[PDB]
Amino acid sequence: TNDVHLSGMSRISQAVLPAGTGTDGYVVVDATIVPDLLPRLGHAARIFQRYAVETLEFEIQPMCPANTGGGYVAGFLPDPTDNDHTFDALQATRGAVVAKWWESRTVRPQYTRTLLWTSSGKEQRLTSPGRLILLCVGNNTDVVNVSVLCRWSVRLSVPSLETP
Amino acid sequence: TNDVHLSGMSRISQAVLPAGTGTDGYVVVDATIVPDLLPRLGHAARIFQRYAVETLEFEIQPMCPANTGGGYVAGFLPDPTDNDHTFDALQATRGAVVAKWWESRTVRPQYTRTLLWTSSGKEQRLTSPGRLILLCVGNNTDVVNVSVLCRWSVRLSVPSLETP
Amino acid sequence: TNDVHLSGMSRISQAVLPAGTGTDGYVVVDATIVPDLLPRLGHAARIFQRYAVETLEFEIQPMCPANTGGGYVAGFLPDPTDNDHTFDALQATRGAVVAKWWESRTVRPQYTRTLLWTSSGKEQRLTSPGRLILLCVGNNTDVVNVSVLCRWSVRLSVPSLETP
Amino acid sequence: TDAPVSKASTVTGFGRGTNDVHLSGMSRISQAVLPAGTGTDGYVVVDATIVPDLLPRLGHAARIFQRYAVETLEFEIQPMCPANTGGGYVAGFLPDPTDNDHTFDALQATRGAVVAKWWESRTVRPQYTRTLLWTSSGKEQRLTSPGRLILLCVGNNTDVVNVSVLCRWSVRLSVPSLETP
Amino acid sequence: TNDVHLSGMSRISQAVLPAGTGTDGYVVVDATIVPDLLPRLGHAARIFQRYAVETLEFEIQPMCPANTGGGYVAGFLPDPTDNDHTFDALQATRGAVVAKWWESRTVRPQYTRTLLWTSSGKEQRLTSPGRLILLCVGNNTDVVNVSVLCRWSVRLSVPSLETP
Amino acid sequence: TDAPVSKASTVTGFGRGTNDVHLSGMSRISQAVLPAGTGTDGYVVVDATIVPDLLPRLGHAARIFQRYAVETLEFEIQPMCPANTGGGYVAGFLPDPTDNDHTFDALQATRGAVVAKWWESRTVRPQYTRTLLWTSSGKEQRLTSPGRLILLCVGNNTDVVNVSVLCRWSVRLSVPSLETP
Ligand SMILES: [Ca+2]
Ligand SMILES: [Ca+2]
Ligand SMILES: [Ca+2]
Ligand SMILES: [Ca+2]
Ligand SMILES: [Ca+2]
Ligand SMILES: [Ca+2]
């Protein structure tokens, strides 16, 4: 059948937060989940027209010394159009996490499994499952290298050969 | 499926048409049906991302003396994008009613049952089932006070915390 | 049916504890669990009259370096009227935890599942499941940013449209 | 298969479009407003030749067909005015599109004609040909229109009168084509 | 088995043979069949390590006037390492065809069904099922434009992110 | 039948040669002569990589096929010397064509290895892959050869030793082609 099931785990974001610039509410990461953001899924969506996100998980992997103060709040807004970047908006989303800067965590988001479009278009809601937003909570004492990883699983349909 | 079913009746529109200003074709009520228009569904959509309209009925309840002249035509255009506001557009659609200003009527429209988005976006067809139009038929004689109510039932999904 | 089941996880409290001010017995957090304290539940209780707490958990997420001395005791008094803020009173409650300032923990409280009232009134016992109290144990060496999160699940009944 | 000088054309389904479409609907064929005193006896409130162009959806459907037959035709005189209005109306469907006789007697002579007061609604169930008519216009309009609906005042109207003339039509379209005005 | 089955038709070769240069035995098309040669299988092998050829057929579709002279012979050598490019080598193999320049033919070859490697290596026998050769038979009279297409079906395995 | 611009080609049986041929035989893969005293312990009497080229009829048959599978493979060490000869031999078939380990222990580790005196003949029944091998040569010889047969001296030979190493082979050839060196 045209449907092929792919899974993988890749880094959606890499950010560096210097010491003291991580004020409360600062936006460390704001990544709109698109197939191009994921390498293997990037090629897979380059050879397909439609994709549906069966499973989606995120892993916040901040690489900082244990003596680092402050923390982060990480969430997955299931609306690509939504631009709210406050603590309450993230915490309202299912699976959002709050953790110290030296404590890696996992986000298990909730979203609607609809058949999306691999290629971009006018309406972003038909192409992306949502956005991942990672904000600072409090103040960080050291420099934090944050890697945001995404464990994904998709179903691909309508074969084609697209261009970026 | 963590889908919340919510229902109730609420006033979508309140219009005061003064005597003599209700010429034929005058747009008394023009309301794109979005959850923010409904009072209780307003908060329900404020705490959710997606909604599906299971039941939708409109009740035109104009309050005026029985000796008033003229009438109204009310209809639900299933296309939110459509901007045609005339008697012809309303008569073409199904569920439309025409009645004297003292009469109370029910519009049972043809609406999409797909999963629409609570927030606003580039495409209105993904956010609203349609719009409701209430127009004058003839010329009124007394001051008309028309309230358009709606019995609605929705299914809500994808928790979040939206903003106005 | 009128009953709708909602769940979510949100921050009931955000506190900052400077270095040295966290003396033993100091009250870091004292939050009376009310629907307004939870954003999504805030809107949900704004569109309902009665609510019953089916599940209630709390997560103490203190964001401090590993070299921080002292700790905290966290508990959920199932009496909103009770004002005792001592170690023994918290420890007597079911699910109370004691932990180092750099060690996040979870409180699984015990409470009576009674149908409460979303809106406030004269008697606080008919509107709130209880209070969360977080006290210092010993002395803290560094500054601690404490986020108290609440994973809740409620059943809502008697639809209405309340005001704050 | 040998290589020929030219191969035969392989167009097969050409000239095989749908022939018959049954289209029904209801539309406002007229709307009139009468200020007090203007509606003297014999005043022509409504004069509408029933053609596919008069009915919008039927007009668009007739732009892609050659012939049409009126299976069902009924009219509603719906005057939206109070019961304190004096005067009345006579409504009738002349089966002759060409006849331009606008009198009470001419309308009353036709079958299904209605005489009512301005605060009473009526249904005109007329006599119309079932023969195939031409969707497009021509020299003789007796081949393209079933007739015309006429509405006159019977007496002087005391108040302002708002009258809407509606039509339930059912037609069968045939001989597919692509007409242009 | 997380094996992805992918299939489709794609042009492996495009050759423009000018009139008079198509002497007998001239190598119009010489293509070692690797996934990088195929457009869509190119990306598929870019996101996978190993592939197995389940279905393989070649379609010689030359576009030239019917009055042109000469012909072609097309054949699939199942050995990628073999460098013999003559009529004898093509006639020995199975699935080979010989036809006039205006005719369209299908080569149904004999190919290995083992698990080959998408990337290149020291041994070509572990990376490609073989090569396809299209040679002239006689001398052409008109300018010939020959496109060699391939209906292919593969099974892909061992996810990765390769480079050209 | 009309005259076309060009007629279709009528070549039908093209690319339909025989695919499978079972070929059996027996051939001398090696012959060695040892003067007295040269056959010290560990001396490599015979070192032959079993390939289609080593077997002449199989070589000619593999020049017209792409792949071959060894259905049967057995070896005979037949030393034609008297019983008064001292010393002995160890013979074994290494299933790895690439391995060039030439010792008593390496041979004895293999299945079917034989240790005999110079006046005794032995049959090596080895362990060989049944998978399809490539008739033609390539970069990696593990895809083209089942292995190599090795024959060493165990002790010093008192007299001259004439040893002939024979092989019974049965192969199935597949994927017809026309190979050239
Ligand atoms: Ca696309
Ligand atoms: Ca939204
Ligand atoms: Ca209340
Ligand atoms: Ca015509
Ligand atoms: Ca590789
Ligand atoms: Ca070969």
# chains A, B, ... in the order shown; residues from 1 in each chain; ligands from 1
>>> select_by_dssp(residues="chain D", states="helix (DSSP H, G or I)", output="PyMOL selection string")
chain D and resi 52-54+56-62+104-109+141-143
>>> interface_residues(of="chain C", to="chain B", cutoff="9 Å", atoms="only C-alpha atoms", output="list in words")
residues 1, 2, 3, 4, 5, 6, 7, 8, 39, 40, 41, 42, 43, 44, 46, 47, 159, 160 and 161 of chain C
>>> residues_around(residues="segment 114-131 of chain A", least_positions_apart="3", cutoff="10 Å", atoms="only C-alpha atoms", output="PyMOL selection string")
(chain A and resi 29-36+41-42+44-54+56+75-83+111+134+154-158+162-164) or (chain B and resi 115+117+121-123+126)
>>> residues_around(residues="residue 45 of chain F", least_positions_apart="2", cutoff="12 Å", atoms="only C-alpha atoms", output="VMD selection string")
chain F and resid 30 to 35 38 to 43 47 to 48 77 79 88 to 92 102 to 103 149 to 154 157 161 to 165
>>> select_by_dssp(residues="segment 48-158 of chain A", states="strand (DSSP E or B)", output="PDB file with N, CA and C atoms, in the first residue's frame")
ATOM      1  N   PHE A  48       6.879  12.291  -0.336  1.00  0.00           N
ATOM      2  CA  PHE A  48       5.468  12.015  -0.091  1.00  0.00           C
ATOM      3  C   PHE A  48       4.682  13.316  -0.066  1.00  0.00           C
ATOM      4  N   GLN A  49       3.360  13.197  -0.210  1.00  0.00           N
ATOM      5  CA  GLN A  49       2.476  14.355  -0.149  1.00  0.00           C
ATOM      6  C   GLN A  49       1.804  14.538   1.201  1.00  0.00           C
ATOM      7  N   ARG A  50       1.285  13.473   1.808  1.00  0.00           N
ATOM      8  CA  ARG A  50       0.547  13.596   3.055  1.00  0.00           C
ATOM      9  C   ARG A  50       1.232  12.796   4.151  1.00  0.00           C
ATOM     10  N   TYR A  51       1.095  13.273   5.385  1.00  0.00           N
ATOM     11  CA  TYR A  51       1.630  12.558   6.534  1.00  0.00           C
ATOM     12  C   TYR A  51       0.732  12.788   7.738  1.00  0.00           C
ATOM     13  N   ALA A  52       0.629  11.762   8.575  1.00  0.00           N
ATOM     14  CA  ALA A  52      -0.152  11.814   9.802  1.00  0.00           C
ATOM     15  C   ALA A  52       0.737  11.421  10.969  1.00  0.00           C
ATOM     16  N   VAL A  53       0.722  12.228  12.027  1.00  0.00           N
ATOM     17  CA  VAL A  53       1.588  12.015  13.185  1.00  0.00           C
ATOM     18  C   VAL A  53       0.890  11.022  14.110  1.00  0.00           C
ATOM     19  N   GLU A  54       1.377   9.780  14.137  1.00  0.00           N
ATOM     20  CA  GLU A  54       0.778   8.771  15.002  1.00  0.00           C
ATOM     21  C   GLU A  54       1.254   8.925  16.440  1.00  0.00           C
ATOM     22  N   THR A  55       2.560   9.076  16.635  1.00  0.00           N
ATOM     23  CA  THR A  55       3.138   9.222  17.961  1.00  0.00           C
ATOM     24  C   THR A  55       4.070  10.423  17.954  1.00  0.00           C
ATOM     25  N   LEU A  56       4.066  11.169  19.055  1.00  0.00           N
ATOM     26  CA  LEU A  56       4.921  12.338  19.188  1.00  0.00           C
ATOM     27  C   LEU A  56       5.331  12.484  20.643  1.00  0.00           C
ATOM     28  N   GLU A  57       6.639  12.521  20.883  1.00  0.00           N
ATOM     29  CA  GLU A  57       7.191  12.767  22.207  1.00  0.00           C
ATOM     30  C   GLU A  57       8.372  13.707  22.056  1.00  0.00           C
ATOM     31  N   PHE A  58       8.689  14.427  23.127  1.00  0.00           N
ATOM     32  CA  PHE A  58       9.823  15.339  23.120  1.00  0.00           C
ATOM     33  C   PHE A  58      10.683  15.074  24.342  1.00  0.00           C
ATOM     34  N   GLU A  59      11.988  15.286  24.216  1.00  0.00           N
ATOM     35  CA  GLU A  59      12.915  15.108  25.325  1.00  0.00           C
ATOM     36  C   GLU A  59      13.739  16.374  25.485  1.00  0.00           C
ATOM     37  N   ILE A  60      13.554  17.062  26.605  1.00  0.00           N
ATOM     38  CA  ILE A  60      14.381  18.212  26.940  1.00  0.00           C
ATOM     39  C   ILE A  60      15.637  17.696  27.627  1.00  0.00           C
ATOM     40  N   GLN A  61      16.796  17.991  27.030  1.00  0.00           N
ATOM     41  CA  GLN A  61      18.096  17.489  27.465  1.00  0.00           C
ATOM     42  C   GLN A  61      19.012  18.685  27.697  1.00  0.00           C
ATOM     43  N   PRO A  62      18.842  19.400  28.809  1.00  0.00           N
ATOM     44  CA  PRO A  62      19.700  20.559  29.088  1.00  0.00           C
ATOM     45  C   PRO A  62      21.014  20.104  29.706  1.00  0.00           C
ATOM     46  N   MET A  63      22.120  20.591  29.155  1.00  0.00           N
ATOM     47  CA  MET A  63      23.456  20.125  29.514  1.00  0.00           C
ATOM     48  C   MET A  63      24.155  21.229  30.298  1.00  0.00           C
ATOM     49  N   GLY A  71      15.235  27.106  36.110  1.00  0.00           N
ATOM     50  CA  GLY A  71      14.705  25.958  35.417  1.00  0.00           C
ATOM     51  C   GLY A  71      14.047  26.353  34.115  1.00  0.00           C
ATOM     52  N   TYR A  72      13.293  25.414  33.561  1.00  0.00           N
ATOM     53  CA  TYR A  72      12.595  25.617  32.306  1.00  0.00           C
ATOM     54  C   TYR A  72      11.190  25.045  32.405  1.00  0.00           C
ATOM     55  N   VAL A  73      10.316  25.567  31.551  1.00  0.00           N
ATOM     56  CA  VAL A  73       9.005  24.986  31.298  1.00  0.00           C
ATOM     57  C   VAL A  73       8.925  24.676  29.809  1.00  0.00           C
ATOM     58  N   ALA A  74       8.586  23.437  29.484  1.00  0.00           N
ATOM     59  CA  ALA A  74       8.539  22.971  28.108  1.00  0.00           C
ATOM     60  C   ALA A  74       7.150  22.451  27.788  1.00  0.00           C
ATOM     61  N   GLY A  75       6.653  22.808  26.609  1.00  0.00           N
ATOM     62  CA  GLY A  75       5.326  22.379  26.217  1.00  0.00           C
ATOM     63  C   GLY A  75       5.189  22.334  24.717  1.00  0.00           C
ATOM     64  N   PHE A  76       4.134  21.664  24.275  1.00  0.00           N
ATOM     65  CA  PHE A  76       3.822  21.514  22.860  1.00  0.00           C
ATOM     66  C   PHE A  76       2.433  22.091  22.619  1.00  0.00           C
ATOM     67  N   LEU A  77       2.389  23.299  22.082  1.00  0.00           N
ATOM     68  CA  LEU A  77       1.125  23.880  21.658  1.00  0.00           C
ATOM     69  C   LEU A  77       0.645  23.154  20.411  1.00  0.00           C
ATOM     70  N   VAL A  97       5.944  20.134  30.967  1.00  0.00           N
ATOM     71  CA  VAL A  97       6.812  19.800  32.089  1.00  0.00           C
ATOM     72  C   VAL A  97       7.502  21.058  32.595  1.00  0.00           C
ATOM     73  N   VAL A  98       7.821  21.064  33.886  1.00  0.00           N
ATOM     74  CA  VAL A  98       8.634  22.095  34.518  1.00  0.00           C
ATOM     75  C   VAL A  98       9.763  21.390  35.246  1.00  0.00           C
ATOM     76  N   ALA A  99      10.998  21.829  35.015  1.00  0.00           N
ATOM     77  CA  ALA A  99      12.116  21.102  35.601  1.00  0.00           C
ATOM     78  C   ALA A  99      13.323  22.011  35.759  1.00  0.00           C
ATOM     79  N   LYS A 100      14.201  21.624  36.677  1.00  0.00           N
ATOM     80  CA  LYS A 100      15.447  22.344  36.889  1.00  0.00           C
ATOM     81  C   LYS A 100      16.318  22.268  35.643  1.00  0.00           C
ATOM     82  N   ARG A 105      13.895  15.999  30.938  1.00  0.00           N
ATOM     83  CA  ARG A 105      12.515  15.551  31.088  1.00  0.00           C
ATOM     84  C   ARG A 105      11.922  15.197  29.736  1.00  0.00           C
ATOM     85  N   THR A 106      10.702  14.671  29.772  1.00  0.00           N
ATOM     86  CA  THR A 106      10.009  14.215  28.578  1.00  0.00           C
ATOM     87  C   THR A 106       8.599  14.792  28.532  1.00  0.00           C
ATOM     88  N   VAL A 107       8.206  15.254  27.353  1.00  0.00           N
ATOM     89  CA  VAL A 107       6.879  15.806  27.111  1.00  0.00           C
ATOM     90  C   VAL A 107       6.101  14.806  26.266  1.00  0.00           C
ATOM     91  N   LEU A 116      -2.002  15.426   7.501  1.00  0.00           N
ATOM     92  CA  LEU A 116      -1.432  16.731   7.204  1.00  0.00           C
ATOM     93  C   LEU A 116      -0.802  16.723   5.817  1.00  0.00           C
ATOM     94  N   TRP A 117      -0.189  17.847   5.463  1.00  0.00           N
ATOM     95  CA  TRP A 117       0.481  18.009   4.183  1.00  0.00           C
ATOM     96  C   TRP A 117       1.972  18.210   4.410  1.00  0.00           C
ATOM     97  N   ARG A 131       3.660  23.465  17.696  1.00  0.00           N
ATOM     98  CA  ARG A 131       4.929  24.090  18.035  1.00  0.00           C
ATOM     99  C   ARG A 131       5.391  23.579  19.387  1.00  0.00           C
ATOM    100  N   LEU A 132       6.702  23.538  19.576  1.00  0.00           N
ATOM    101  CA  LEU A 132       7.291  23.302  20.886  1.00  0.00           C
ATOM    102  C   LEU A 132       7.864  24.615  21.392  1.00  0.00           C
ATOM    103  N   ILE A 133       7.440  25.012  22.587  1.00  0.00           N
ATOM    104  CA  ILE A 133       7.928  26.217  23.240  1.00  0.00           C
ATOM    105  C   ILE A 133       8.603  25.822  24.543  1.00  0.00           C
ATOM    106  N   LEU A 134       9.816  26.324  24.728  1.00  0.00           N
ATOM    107  CA  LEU A 134      10.622  26.108  25.918  1.00  0.00           C
ATOM    108  C   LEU A 134      11.002  27.471  26.470  1.00  0.00           C
ATOM    109  N   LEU A 135      10.517  27.773  27.673  1.00  0.00           N
ATOM    110  CA  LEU A 135      10.708  29.055  28.332  1.00  0.00           C
ATOM    111  C   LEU A 135      11.545  28.887  29.591  1.00  0.00           C
ATOM    112  N   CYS A 136      12.207  29.969  29.990  1.00  0.00           N
ATOM    113  CA  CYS A 136      12.934  30.001  31.251  1.00  0.00           C
ATOM    114  C   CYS A 136      11.970  30.209  32.412  1.00  0.00           C
ATOM    115  N   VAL A 137      12.300  29.623  33.559  1.00  0.00           N
ATOM    116  CA  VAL A 137      11.593  29.848  34.812  1.00  0.00           C
ATOM    117  C   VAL A 137      12.639  30.239  35.847  1.00  0.00           C
ATOM    118  N   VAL A 144      23.783  27.272  29.884  1.00  0.00           N
ATOM    119  CA  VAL A 144      23.037  26.039  29.667  1.00  0.00           C
ATOM    120  C   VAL A 144      22.984  25.762  28.173  1.00  0.00           C
ATOM    121  N   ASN A 145      23.464  24.594  27.770  1.00  0.00           N
ATOM    122  CA  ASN A 145      23.331  24.130  26.395  1.00  0.00           C
ATOM    123  C   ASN A 145      22.140  23.182  26.348  1.00  0.00           C
ATOM    124  N   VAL A 146      21.069  23.605  25.686  1.00  0.00           N
ATOM    125  CA  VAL A 146      19.810  22.874  25.683  1.00  0.00           C
ATOM    126  C   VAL A 146      19.632  22.218  24.323  1.00  0.00           C
ATOM    127  N   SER A 147      19.434  20.906  24.328  1.00  0.00           N
ATOM    128  CA  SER A 147      19.078  20.157  23.135  1.00  0.00           C
ATOM    129  C   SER A 147      17.658  19.643  23.294  1.00  0.00           C
ATOM    130  N   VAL A 148      16.779  20.040  22.382  1.00  0.00           N
ATOM    131  CA  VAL A 148      15.399  19.582  22.366  1.00  0.00           C
ATOM    132  C   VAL A 148      15.279  18.530  21.275  1.00  0.00           C
ATOM    133  N   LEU A 149      15.003  17.298  21.700  1.00  0.00           N
ATOM    134  CA  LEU A 149      14.896  16.118  20.861  1.00  0.00           C
ATOM    135  C   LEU A 149      13.428  15.766  20.679  1.00  0.00           C
ATOM    136  N   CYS A 150      13.104  15.144  19.549  1.00  0.00           N
ATOM    137  CA  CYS A 150      11.733  14.751  19.249  1.00  0.00           C
ATOM    138  C   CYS A 150      11.714  13.309  18.774  1.00  0.00           C
ATOM    139  N   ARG A 151      11.005  12.455  19.505  1.00  0.00           N
ATOM    140  CA  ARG A 151      10.768  11.080  19.086  1.00  0.00           C
ATOM    141  C   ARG A 151       9.427  11.025  18.370  1.00  0.00           C
ATOM    142  N   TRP A 152       9.458  10.771  17.066  1.00  0.00           N
ATOM    143  CA  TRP A 152       8.273  10.880  16.235  1.00  0.00           C
ATOM    144  C   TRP A 152       7.966   9.550  15.564  1.00  0.00           C
ATOM    145  N   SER A 153       6.727   9.436  15.097  1.00  0.00           N
ATOM    146  CA  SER A 153       6.272   8.308  14.297  1.00  0.00           C
ATOM    147  C   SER A 153       5.183   8.824  13.373  1.00  0.00           C
ATOM    148  N   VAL A 154       5.321   8.575  12.076  1.00  0.00           N
ATOM    149  CA  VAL A 154       4.408   9.136  11.091  1.00  0.00           C
ATOM    150  C   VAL A 154       3.938   8.050  10.140  1.00  0.00           C
ATOM    151  N   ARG A 155       2.847   8.359   9.446  1.00  0.00           N
ATOM    152  CA  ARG A 155       2.341   7.486   8.418  1.00  0.00           C
ATOM    153  C   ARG A 155       2.339   8.386   7.208  1.00  0.00           C
ATOM    154  N   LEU A 156       2.893   7.938   6.102  1.00  0.00           N
ATOM    155  CA  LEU A 156       3.065   8.730   4.894  1.00  0.00           C
ATOM    156  C   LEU A 156       2.194   8.178   3.773  1.00  0.00           C
ATOM    157  N   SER A 157       1.669   9.071   2.935  1.00  0.00           N
ATOM    158  CA  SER A 157       0.738   8.685   1.886  1.00  0.00           C
ATOM    159  C   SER A 157       0.870   9.623   0.693  1.00  0.00           C
ATOM    160  N   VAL A 158       0.229   9.223  -0.406  1.00  0.00           N
ATOM    161  CA  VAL A 158       0.207   9.963  -1.669  1.00  0.00           C
ATOM    162  C   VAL A 158       1.629  10.222  -2.158  1.00  0.00           C
TER     163      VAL A 158
END
>>> residues_around(residues="residue 143 of chain E", least_positions_apart="4", cutoff="8 Å", atoms="only C-alpha atoms", output="MDAnalysis selection string")
chainID E and resid 16:19 64
>>> write_last_selection(atoms="N, CA, C and O atoms", output="PDB file, in the first residue's frame")
ATOM      1  N   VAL E  16      20.299  11.423 -25.818  1.00  0.00           N
ATOM      2  CA  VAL E  16      20.034  12.052 -27.102  1.00  0.00           C
ATOM      3  C   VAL E  16      21.099  11.561 -28.069  1.00  0.00           C
ATOM      4  O   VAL E  16      22.257  11.993 -28.009  1.00  0.00           O
ATOM      5  N   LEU E  17      20.712  10.650 -28.958  1.00  0.00           N
ATOM      6  CA  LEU E  17      21.621  10.110 -29.954  1.00  0.00           C
ATOM      7  C   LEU E  17      21.422  10.880 -31.252  1.00  0.00           C
ATOM      8  O   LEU E  17      20.378  10.717 -31.903  1.00  0.00           O
ATOM      9  N   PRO E  18      22.363  11.728 -31.659  1.00  0.00           N
ATOM     10  CA  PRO E  18      22.192  12.467 -32.914  1.00  0.00           C
ATOM     11  C   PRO E  18      22.273  11.544 -34.116  1.00  0.00           C
ATOM     12  O   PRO E  18      22.858  10.461 -34.060  1.00  0.00           O
ATOM     13  N   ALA E  19      21.659  11.986 -35.210  1.00  0.00           N
ATOM     14  CA  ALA E  19      21.648  11.197 -36.432  1.00  0.00           C
ATOM     15  C   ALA E  19      23.062  11.024 -36.972  1.00  0.00           C
ATOM     16  O   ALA E  19      23.827  11.988 -37.067  1.00  0.00           O
ATOM     17  N   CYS E  64      11.028   8.997 -31.388  1.00  0.00           N
ATOM     18  CA  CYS E  64      11.614   9.320 -32.680  1.00  0.00           C
ATOM     19  C   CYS E  64      10.578   9.039 -33.751  1.00  0.00           C
ATOM     20  O   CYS E  64       9.603   8.314 -33.511  1.00  0.00           O
TER      21      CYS E  64
END
>>> residues_around(residues="residue 67 of chain D", least_positions_apart="2", cutoff="12 Å", atoms="only C-alpha atoms", output="PDB file with C-alpha atoms, in the first residue's frame")
ATOM      1  CA  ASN D  19     -29.000  14.786 -21.481  1.00  0.00           C
ATOM      2  CA  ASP D  20     -31.700  15.073 -18.798  1.00  0.00           C
ATOM      3  CA  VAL D  21     -31.495  16.956 -15.509  1.00  0.00           C
ATOM      4  CA  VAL D  51     -38.456  32.511 -18.223  1.00  0.00           C
ATOM      5  CA  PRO D  52     -35.396  30.550 -17.082  1.00  0.00           C
ATOM      6  CA  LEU D  58     -32.692  27.801 -13.516  1.00  0.00           C
ATOM      7  CA  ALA D  61     -28.832  25.535 -15.613  1.00  0.00           C
ATOM      8  CA  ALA D  62     -30.465  26.660 -18.868  1.00  0.00           C
ATOM      9  CA  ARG D  63     -27.192  28.164 -20.010  1.00  0.00           C
ATOM     10  CA  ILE D  64     -25.931  24.605 -20.435  1.00  0.00           C
ATOM     11  CA  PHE D  65     -29.082  23.068 -21.967  1.00  0.00           C
ATOM     12  CA  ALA D  69     -40.186  21.463 -19.881  1.00  0.00           C
ATOM     13  CA  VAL D  70     -42.086  22.851 -16.887  1.00  0.00           C
ATOM     14  CA  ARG D 130     -45.972  20.728 -20.651  1.00  0.00           C
ATOM     15  CA  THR D 131     -44.346  20.934 -24.092  1.00  0.00           C
ATOM     16  CA  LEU D 132     -40.629  21.443 -24.608  1.00  0.00           C
ATOM     17  CA  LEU D 133     -39.649  25.112 -24.542  1.00  0.00           C
ATOM     18  CA  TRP D 134     -36.419  26.699 -25.712  1.00  0.00           C
ATOM     19  CA  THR D 135     -33.991  27.852 -23.027  1.00  0.00           C
ATOM     20  CA  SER D 136     -32.483  30.538 -25.268  1.00  0.00           C
ATOM     21  CA  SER D 137     -34.395  33.508 -26.651  1.00  0.00           C
ATOM     22  CA  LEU D 143     -41.689  28.949 -27.851  1.00  0.00           C
ATOM     23  CA  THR D 144     -39.531  30.022 -24.888  1.00  0.00           C
ATOM     24  CA  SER D 145     -41.892  31.016 -22.052  1.00  0.00           C
ATOM     25  CA  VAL D 171     -38.271  21.722 -14.756  1.00  0.00           C
ATOM     26  CA  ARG D 172     -36.677  19.012 -16.828  1.00  0.00           C
ATOM     27  CA  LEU D 173     -33.777  20.165 -18.993  1.00  0.00           C
ATOM     28  CA  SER D 174     -32.809  18.383 -22.198  1.00  0.00           C
ATOM     29  CA  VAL D 175     -30.649  18.613 -25.329  1.00  0.00           C
ATOM     30  CA  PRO D 176     -27.316  19.518 -23.684  1.00  0.00           C
ATOM     31  CA  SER D 177     -25.308  22.381 -25.154  1.00  0.00           C
ATOM     32  CA  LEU D 178     -23.307  25.459 -24.160  1.00  0.00           C
ATOM     33  CA  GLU D 179     -25.384  28.589 -24.704  1.00  0.00           C
TER      34      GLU D 179
END
>>> atom_distance(atom1="atom CA of residue 104 of chain A", atom2="atom CA of residue 26 of chain C")
29.7 Å
>>> closest_residue(among="D:23, D:55, D:109, D:3", to="chain F", atoms="only C-alpha atoms")
D:3
>>> interface_residues(of="chain F", to="chain D", cutoff="7 Å", atoms="only C-alpha atoms", output="list in words")
residues 3, 4, 5, 6, 7 and 8 of chain F
>>> write_last_selection(atoms="N, CA, C and O atoms", output="mmCIF file, in the first residue's frame")
data_model
loop_
_atom_site.group_PDB
_atom_site.id
_atom_site.type_symbol
_atom_site.label_atom_id
_atom_site.label_comp_id
_atom_site.auth_asym_id
_atom_site.auth_seq_id
_atom_site.Cartn_x
_atom_site.Cartn_y
_atom_site.Cartn_z
ATOM 1 N N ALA F 3 0.006 -1.456 -45.662
ATOM 2 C CA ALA F 3 1.432 -1.174 -45.588
ATOM 3 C C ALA F 3 1.684 -0.077 -44.563
ATOM 4 O O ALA F 3 1.175 1.037 -44.728
ATOM 5 N N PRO F 4 2.447 -0.338 -43.507
ATOM 6 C CA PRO F 4 2.723 0.694 -42.510
ATOM 7 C C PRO F 4 4.017 1.438 -42.805
ATOM 8 O O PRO F 4 4.768 1.104 -43.722
ATOM 9 N N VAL F 5 4.258 2.479 -42.006
ATOM 10 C CA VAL F 5 5.525 3.196 -42.097
ATOM 11 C C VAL F 5 6.680 2.277 -41.718
ATOM 12 O O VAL F 5 7.722 2.256 -42.382
ATOM 13 N N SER F 6 6.510 1.503 -40.651
ATOM 14 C CA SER F 6 7.485 0.501 -40.252
ATOM 15 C C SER F 6 6.752 -0.635 -39.562
ATOM 16 O O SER F 6 5.742 -0.413 -38.893
ATOM 17 N N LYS F 7 7.256 -1.848 -39.741
ATOM 18 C CA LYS F 7 6.653 -3.008 -39.109
ATOM 19 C C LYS F 7 7.328 -3.293 -37.772
ATOM 20 O O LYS F 7 8.486 -2.944 -37.545
ATOM 21 N N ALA F 8 6.576 -3.924 -36.877
ATOM 22 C CA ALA F 8 7.115 -4.274 -35.574
ATOM 23 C C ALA F 8 8.150 -5.383 -35.705
ATOM 24 O O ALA F 8 8.061 -6.247 -36.580
#
>>> closest_residue(among="F:125, F:16, F:22, F:28", to="chain E", atoms="only C-alpha atoms")
F:16
>>> interface_residues(of="chain E", to="chain D", cutoff="9 Å", atoms="only C-alpha atoms", output="ChimeraX atom specification")
/E:66-67,102
>>> write_last_selection(atoms="C-alpha atoms", output="PDB file, in the first residue's frame")
ATOM      1  CA  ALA E  66       8.411   6.025 -37.212  1.00  0.00           C
ATOM      2  CA  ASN E  67      10.398   6.342 -40.458  1.00  0.00           C
ATOM      3  CA  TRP E 102      10.329   3.759 -32.731  1.00  0.00           C
TER       4      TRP E 102
END
